[PDB]
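Single chain ahead, by itself, as structure tokens, in the form solved without the RNA.
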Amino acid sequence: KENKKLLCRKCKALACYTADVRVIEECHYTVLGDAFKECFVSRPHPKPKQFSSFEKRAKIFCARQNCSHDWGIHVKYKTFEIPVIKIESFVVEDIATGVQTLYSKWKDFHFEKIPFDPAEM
């Protein structure tokens, strides 16, 4: 459908746009661009996990002050250090109406799901 906004469920700060989102292995959602990396911080994880297609290095949080809401993790996919987010950490907002939507799973969120391309970086 139309490009949409993802806002931090807790503070509502603008996180990214659906246009920036990319899909890895059909079920992992990452976000391209430098603007997005101005919104989250990374905190190393002492006892990560061993995901099937990537290495988990840390959890990421809303860079905002007094928020620090869990957004997902930061991983090494192939040769990239990228963020992978959980839709439940966001509110999806329609730009032209302001209608806000809360999802728990990416499967139920129907936007243009574009496969991750190493080309784009």
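Counting begins at 1, following the sequence as shown. Residues that one form lacks are left out of the comparison. Definition used throughout: the rigid core is the maximal C-alpha set that superposes within 1.5 Å between two forms.
Unshown form solved in complex with the RNA; subsequent notes refer to it.
Not displayed here, the RNA is kept clear of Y17 by more than 4.5 Å at the level of heavy atoms in the deposited bound form. The closest non-hydrogen atom of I95 lies beyond 4.5 Å of the RNA in the deposited bound form. Taking non-hydrogen atoms only, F111 never approaches the RNA to within 4.5 angstroms in the deposited bound form. In the deposited bound form, the RNA sits within 4.5 Å of a heavy atom of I85. Along 47-84, a non-hydrogen atom within 4.5 Å of the RNA in the deposited bound form is carried by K47, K49, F51, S52, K56, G72, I73, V84, in order along the sequence. Core-superposed comparison between the shown form and the other one: residues with C-alpha shifts of 2 Å or more form a single run of three or more, at 49-51.
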